[PDB]
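**Student:** an experimental structure, sequence included, is below.
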Amino acid sequence: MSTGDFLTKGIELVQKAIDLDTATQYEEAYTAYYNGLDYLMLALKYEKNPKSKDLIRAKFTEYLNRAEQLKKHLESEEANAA
Amino acid sequence: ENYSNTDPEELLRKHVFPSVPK
């Protein structure tokens, strides 16, 4: 119930997401990234220090953008094939 | 009410954010 604990859970999930992302399993990375984002969101809800909140927020944004990149690539992929 | 006030210097110690691929 501590943002440290959500944070850990989030970071854990985001690490798996990255491994998958690096391994080109984008559909699974996508889900993983988004699981991670749920935790980071909880973490920043339970955190009260505005500099720490800002830090978590900045990382949240970077993983959100990565996720959407993979999502575009992934639709555009078949759309180029199909 | 179970909030934290976390010292960011320490947040950045006790939790290291992995980066995304290029």
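**Tutor:** Noted; the coordinates are in hand. Numbers count the residues shown, from 1 in each chain, chains lettered A, B, ... in the order given.

**Student:** so which strand or helix has the residue nearest in space to the middle of chain A?
**Tutor:** Centroid-nearest residue in chain A, with Cα atoms, centre = their mean: residue A:33, separated by 3.3 Å. Residue A:33 belongs to helix A:26-46 when elements are defined using DSSP states H and E.

**Student:** give the buried residues for that helix.
**Tutor:** Going by neighbour count (16 or more other Cβ atoms under 10 Å in any protein chain shown), the buried part of helix A:26-46 is A:26, A:29-37, A:39-40, A:42-44, A:46. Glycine gets a C-beta too; all of them are placed from N, C-alpha and C.

**Student:** ok, the residue nearest to the centre of chain A touching residue A:63?
**Tutor:** Yes - counting by Cβ atoms under 8 Å, residue A:63 is a contact partner of residue A:33 at 5.5 Å.

**Student:** overlap in contacts of these two?
**Tutor:** Here residue A:33 and residue A:63 share the contacting residues A:14, A:17, scored by Cβ atoms under 8 Å, 6 or more residues apart in numbering or on different chains.

**Student:** so who does the residue nearest to the centre of chain A touch?
**Tutor:** Shown in contact with residue A:33 (Cβ under 8 Å, 6+ apart): A:13-14, A:17, A:21, A:63-64, A:66-67, A:70.

**Student:** returning to what we had before: what's the angle from the helix or strand following the helix holding residue A:33 to helix A:26-46?
**Tutor:** Later in the chain than helix A:26-46, the nearest helix or strand by DSSP H and E is helix A:50-80. When axes from the mean of the first three to the mean of the last three Cα atoms, to 10 degrees is applied, the directions of helix A:50-80 and helix A:26-46 differ by 160 degrees.

**Student:** can I take it that residue A:11 is in a strand?
**Tutor:** No - the assignment for residue A:11, made by DSSP: H, G, I helix; E, B strand; the rest coil, is helix rather than a strand.

**Student:** flag every buried residue along the helix or strand hosting residue B:13.
**Tutor:** If you go by DSSP H and E, residue B:13 is part of helix B:8-14. For helix B:8-14, burial by neighbour count (16+ other Cβ under 10 Å) applies to B:8, B:11.
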